[PDB]
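Letters A, B, ... are given to chains in the order of the sequence lines, protein chains preceding strands, and every chain is numbered from 1. Side chains are part of it too, since the values below use all heavy atoms of this structure and drop only hydrogens, waters and symmetry mates.
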Amino acid sequence: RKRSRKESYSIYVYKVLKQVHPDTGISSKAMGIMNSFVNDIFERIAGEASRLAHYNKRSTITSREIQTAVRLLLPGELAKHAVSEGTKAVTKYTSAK
Amino acid sequence: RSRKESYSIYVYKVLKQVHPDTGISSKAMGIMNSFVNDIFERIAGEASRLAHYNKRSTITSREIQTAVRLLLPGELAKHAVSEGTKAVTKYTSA
Amino acid sequence: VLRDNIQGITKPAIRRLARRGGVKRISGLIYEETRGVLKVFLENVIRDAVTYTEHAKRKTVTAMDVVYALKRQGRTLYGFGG
Amino acid sequence: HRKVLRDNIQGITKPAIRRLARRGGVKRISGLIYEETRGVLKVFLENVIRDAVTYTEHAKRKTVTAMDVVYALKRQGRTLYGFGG
Amino acid sequence: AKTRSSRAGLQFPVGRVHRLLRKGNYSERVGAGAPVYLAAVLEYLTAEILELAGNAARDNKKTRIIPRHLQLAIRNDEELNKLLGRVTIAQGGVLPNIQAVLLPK
Amino acid sequence: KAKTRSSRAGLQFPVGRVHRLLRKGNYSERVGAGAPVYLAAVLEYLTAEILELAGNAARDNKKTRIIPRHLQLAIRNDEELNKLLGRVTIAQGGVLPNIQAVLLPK
Amino acid sequence: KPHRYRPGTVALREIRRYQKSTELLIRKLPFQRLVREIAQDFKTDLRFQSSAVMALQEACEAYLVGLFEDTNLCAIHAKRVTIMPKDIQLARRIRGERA
Amino acid sequence: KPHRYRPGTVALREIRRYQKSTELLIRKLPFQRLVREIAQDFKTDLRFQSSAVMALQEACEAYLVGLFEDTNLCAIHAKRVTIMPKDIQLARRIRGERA
DNA sequence: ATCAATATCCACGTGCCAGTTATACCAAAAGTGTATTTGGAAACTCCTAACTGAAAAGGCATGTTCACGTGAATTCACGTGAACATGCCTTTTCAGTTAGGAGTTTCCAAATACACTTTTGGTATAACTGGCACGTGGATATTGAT
DNA sequence: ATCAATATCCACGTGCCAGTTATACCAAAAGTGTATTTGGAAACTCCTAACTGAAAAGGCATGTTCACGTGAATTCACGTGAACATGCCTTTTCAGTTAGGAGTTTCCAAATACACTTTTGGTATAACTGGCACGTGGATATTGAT
Ligand SMILES: [Mn+2]
Ligand SMILES: [Mn+2]
Ligand SMILES: [Mn+2]
Ligand SMILES: [Mn+2]
Ligand SMILES: [Mn+2]
Ligand SMILES: [Mn+2]
Ligand SMILES: [Mn+2]
């Protein structure tokens, strides 16, 4: 019998590391930290967006719920740059169809 | 043409059962309504996470029970678990 | 009289709050330090409350907006909705 | 089968507590600090282990997992990175 | 032809708790026992606070609970105070407490 | 010639996986198509910000491989990442070297 | 002829008066004037439900009173009776609101 | 003739040493016993993933180091350099861990 | 200041193992396409309740006087740090054992999905009164001066 | 101690408004009964990793000695908050305009739902090596005695 597949973000974290420090690697314990960080930030944003939709009696979480959650959770400059990256990713995703 | 729920009706019912000759101001009722909604979201929120942790789709009364043990301090948890098992027993046989 | 609104939170009012907090003797520098704290607290809460308002496409900050903001800051408030 | 466990809070040695205060930037330590720290650590460990085992029981498991500890730490506001999701 | 609250023995709306659970995005499914258990827990805790708050009103020689009596009832009980340690009761004030070193003589 | 939603969005983070976790996490009844895209971009961004600051700390310590100590120095020395992760513990990360001035001699 | 209470006597009387009561201790209009000014830096032409401002005032006064308790403990810990800015600063640091 | 560093020199050297490093400062096996003693007096016949015990030790040492930082500020605030139990108690009371 | 003891920094070479790399296998997601359903942006209108304005009410600003709390200075007993001898118990590496975690499959009690019936809780309007806020006198306690 | 000023109770009277009581619609739940679907408890068996135990060594814990700097105690000076009476302007309490919250309604873009196809991520084996950890000696920095 085969042990089930344990997903992680390690493949994606490693790519980002290569765009940012092409000559730098990462230890498994450091990779473990990063997987905790991404899952933590995911659930924070998705959780805040969930309450946004409910507070306004909306059954759908959109890019607009995610953006407001990013503004609520991230501090100043981090939110400014995160908003631009998200707004940019969505417009690119829309027109590319 | 607008309606808003609250717990005031059931809160007042519980008040008469414990202090028959006692009233409650409106401000005090708004605080009691906040209290119930707060404890609701805490218990349900914890039960939700318990289900997700154990790859379950159903919040059963066992989830509500473990959430109660996790959220209430010592003795409050003991009597809340008791009153909870009491209501589910009486509900099952009737 | 042209004076700031943060000075509208007056010295005897700050003195009263310290009393409810059980304070017997108040250094003069406390009053400027307190207003700085109060301003920071309100900015953090009003920023989040206004963010809820903008998302609901409204121009009226509701008491629920304030309640949702306080809860996010770990300052859960009872008696103004929900 | 296993030997009775008792008084293990004294395995948190006086040098071990000193080392922790050093990482915390402490220069001089009163003699009473050591038993106060054991009491504080014991309370902290109990609350976490209590929640952890409650997660273990609810899963009808006999083994406390790292996830059990991580969930327990999370709901006490001590989020931990490096031991699973 | 009876309501689930009466069938469970509860002053609290079992049927309403069930609706709030499904509409709260807590899980895909809700068992039939969970809204009963949850309604019983909420009813117990309301009774606990209203009991202690009723005493506080009687001790102020008042017959009607006001937020002050709810504040006094909670901050004086060790466990409700723990359960509501990070909660602010509007128009509740604070418990009378003067540090000893601040008294004269 | 099909293309993943990640590439279509310009992302290195998996939009499709993020969409699955939004539905599987019981956050709402429905998920818009833009939500996983936007959220995957934010996650990818923050991952880049930490890895840049950590990569520098690893360089300052004459190491080529990021370790938890580097992620700790990176986070604690950046005020905005510190605030975001102020209630977080990084296993094997340690503390920032900091001595109260009154504790130094002379 | 005039009567004078000794310093600290009235202050202890004030503590007992204000710990007994629950009324808001900041004046409404300066506070509401402060709320609209702070929000103006975040969004323009904003209106406030009257209960929204009251909510803010109850939360703010509760926050400040609670901070004065911790501040008072810090002063007393330093073998003093007067709260000073370093007391407030220390309380806010240990609370994790700063540094 | 025999060399003696003055009281404080080695302590500051140790501060620099341990703030520089990341390893766990409590011995592994004594800590594992403590966990097993506590857990077993709450529920019998329990086993532990080794990672679960390391997770608990990382949490405790992180918690204690942080508490010692806050403890050190309380002592310095009282014009001492020696942490005392009342410093720890004040730290935990302001943190709300005891209040 | 000079000096010596000691710790510390750094470059050096070492073996080793965790990280990197590359093969194939593959199931499980993910993507694509179709028909189906629906949430909620958009008009518009309604109707609170937030804003403005003006006129009254009482809290705040001001300056003076001095009680006494704070910080500075000085002493000193002794608790705490540094150093050292002793040896114990943690740590380390290997082995064998089986508990219990986890993977697979079956299948039934309990879940959801309707449609339909029934009633409950919210609203509203009118009524109602007693609980509570507030003002009174006057007896006592408190406080500070002497 | 004897006083007197002021604060604080206490027992009582007062009017008013927010609370209690009741009633009538009534839509929106909540319930009932049916058909239908499914999660996850139950079997079973595979296999991971937790536990056990040996055995050696050396990294630390322990306990002791000794000196000395720290915290605590005490005294003293002076300056800063507390107390207070004052002069009055700011907040508080009222009125009649509308901004915009919130309801209702339509209908299209956008979501879910199915089947089917493609590939991408994770596991695993073999393989590999360069990064780092370790040990050394050797030049440099720091500390304490003088
Ligand atoms: Mn035991
Ligand atoms: Mn020994
Ligand atoms: Mn078995
Ligand atoms: Mn009814
Ligand atoms: Mn000293
Ligand atoms: Mn309009
Ligand atoms: Mn691949």
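Taken as a pair, J:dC68 and I:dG79 qualify: Watson-Crick (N1-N3 plus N6-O4 or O6-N4) or G-U wobble (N1-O2 and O6-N3), both under 3.5 Å.
A distance of about 15 Å separates the P atoms of J:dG144 and I:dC84, rounded to the whole Å.
Listed nucleotides I:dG31, J:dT70, I:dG39 differ in distance to F:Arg5; the shortest reach to its side chain belongs to I:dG31. Each of I:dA82, J:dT38, J:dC84 was ranked by its minimum atom distance to the side chain of G:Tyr5; first place goes to J:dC84. When each of I:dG71, I:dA102, J:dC132 is scored by its nearest atom to the side-chain atoms of F:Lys63, the top-ranked nucleotide is J:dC132. Side chain of E:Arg7, nearest nucleotide from J:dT70, I:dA111, J:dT32: J:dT32. In this structure, the nucleotide among J:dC84, I:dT91, I:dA41 sitting nearest to the side chain of A:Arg58 is I:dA41. For G:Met84, counting side-chain heavy atoms from C-beta on, the closest listed nucleotide (J:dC132, I:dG71, I:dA67) is I:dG71. Here the side chain of A:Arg5 is nearest to one of I:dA27, I:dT91, I:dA5, namely I:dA27. Nearest to the side chain of C:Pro12, among J:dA82, I:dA61, I:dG39, sits I:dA61. Of the candidate nucleotides I:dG121, J:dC132, I:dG122, I:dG121 has the atom nearest to the side chain of B:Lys13. Nearest to the side-chain atoms of H:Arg47 among the listed nucleotides I:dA27, J:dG100, I:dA99 stands I:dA99.
With ring centres under 5.5 Å apart and planes tilted under 30°, the neighbouring bases J:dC44 and J:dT45 are scored as stacked.
If you measure from atom NZ of C:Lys59 to atom P of I:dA49, you get 20 Å, rounded to the nearest angstrom. Atom CZ of H:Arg27 is separated from atom P of I:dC89 by 12 Å (rounded to the nearest Å). Taking atom CG of G:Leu12 as the reference point, atom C1' of J:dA82 lies 12 Å away to the nearest angstrom. Atom-to-atom, CZ of A:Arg1 to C1' of I:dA27 comes out at 17 Å; the value is rounded to the nearest Å. Remark: P of I:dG39 and CD of A:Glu65 are 15 Å apart, rounded to the nearest angstrom. Put simply, CG on B:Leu15 is 9 Å from P on J:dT20, counting in whole angstrom units. Protein atom CG of H:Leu29 is 5 Å distant from nucleotide atom P of I:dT90, rounded to whole Å. When the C1' atom of I:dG130 is taken as reference, atom CD1 of B:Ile24 falls 18 Å away, rounded to whole Å.
Within the nucleic acid shown, C:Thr62 has no heavy atom closer than 4.0 Å to any nucleic acid atom. C:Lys57 comes within 4.0 angstrom of sugar-phosphate atoms only, judged by non-hydrogen atoms across all strands, and of no base. Within the nucleic acid shown, G:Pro30 comes within 4.0 Å of sugar-phosphate atoms alone, with no base atom in reach, counting heavy atoms only. Base contact: H:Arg4 has a heavy atom under 4.0 Å from a base atom. Within 4.0 Å (heavy atoms only), G:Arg16 reaches no atom of the nucleic acid at all. Residue B:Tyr12 is in sugar-phosphate contact alone, with no base atom involved, counting any heavy-atom pair closer than 4.0 Å across all strands shown. Among the atoms of the strands shown, only primed sugar atoms or phosphate atoms (P, OP1, OP2) are found under 4.0 Å from some heavy atom of C:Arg3. Here H:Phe31 lies out of heavy-atom contact (under 4.0 Å) with every strand. As judged by a 4.0 angstrom heavy-atom cut-off over every strand, B:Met29 is placed among residues making no nucleic acid contact.
For H:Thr9, no side-chain nitrogen or oxygen approaches OP1 or OP2 of J:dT142 to under 4.0 Å. Contact between the side-chain N/O atoms of D:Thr63 and the OP1/OP2 oxygens of I:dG101 is found at a separation under 4.0 Å. Using a 4.0 Å cut-off, some side-chain N or O of A:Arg3 falls inside it from OP1 or OP2 of I:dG103.
Annotation: of the two residues near DNA chain J, E:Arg16 and D:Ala16, the 5′-most nearest-nucleotide partner is E:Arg16. Mapped onto DNA chain I by nearest heavy atom, A:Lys97 and F:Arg23 fall at different nucleotides, with F:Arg23 at the one closer to the 5' end. Of the two residues near DNA chain I, A:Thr62 and C:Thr10, the one whose nearest nucleotide lies more 5' is A:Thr62. Place H:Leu25 and H:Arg36 on DNA chain J by their nearest nucleotides, and H:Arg36 ends up nearer the 5' end.
With respect to the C1'-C2'-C3'-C4' torsion, J:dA82 shows a south sugar, the value lying on the negative side. The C1'-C2'-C3'-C4' torsion of J:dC114 is positive, so its sugar falls on the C3'-endo, or north, side. For I:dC12, the ring torsion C1'-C2'-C3'-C4' comes out positive, which puts the sugar in the north group. South puckering is assigned to the sugar ring of J:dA27, since its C1'-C2'-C3'-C4' angle is below zero. When the pucker is read from the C1'-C2'-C3'-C4' torsion, the sugar belonging to I:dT14 turns out north, on the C3'-endo side.
Counting heavy atoms from C-beta outward, E:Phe12 and E:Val17 have side chains that stay 4.5 Å or more apart. By the 4.5 Å heavy-atom criterion applied to side chains, A:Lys29 and F:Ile67 are not counted as neighbours. At least one side-chain heavy atom of B:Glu5 sits under 4.5 Å from a side-chain heavy atom of E:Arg19.
When atom types are taken as modelled, the side chain of F:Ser28 and the backbone of F:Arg30 share a donor-acceptor pair closer than 3.5 angstrom. Distance alone, capped at 3.5 Å, places no donor-acceptor pair between the F:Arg59 side chain and the F:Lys63 backbone. Here the side chain of F:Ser6 pairs a donor or acceptor atom with the backbone of F:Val15 at under 3.5 angstrom.
In this structure, J:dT129 and I:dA18 make a Watson-Crick or G-U wobble pair, each of the two defining distances being under 3.5 angstrom. Base pairing of I:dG135 is made with J:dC12, judged by Watson-Crick or G-U wobble geometry with both donor-acceptor distances under 3.5 Å. Applying the Watson-Crick and G-U wobble criteria (two distances, each under 3.5 Å), I:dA110 pairs with J:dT37. Using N1 to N3 plus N6-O4 or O6-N4 for Watson-Crick, or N1-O2 and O6-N3 for G-U wobble, each under 3.5 Å, I:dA72 pairs with J:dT75.
B:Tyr10 does not carry E:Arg16 over the face of its six-membered ring by the limits of under 6.0 Å from the centre and within 45° of the normal.
Atom CG of E:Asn60 sits about 4.0 Å away from atom NE2 of E:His69, to the nearest 0.5 Å.
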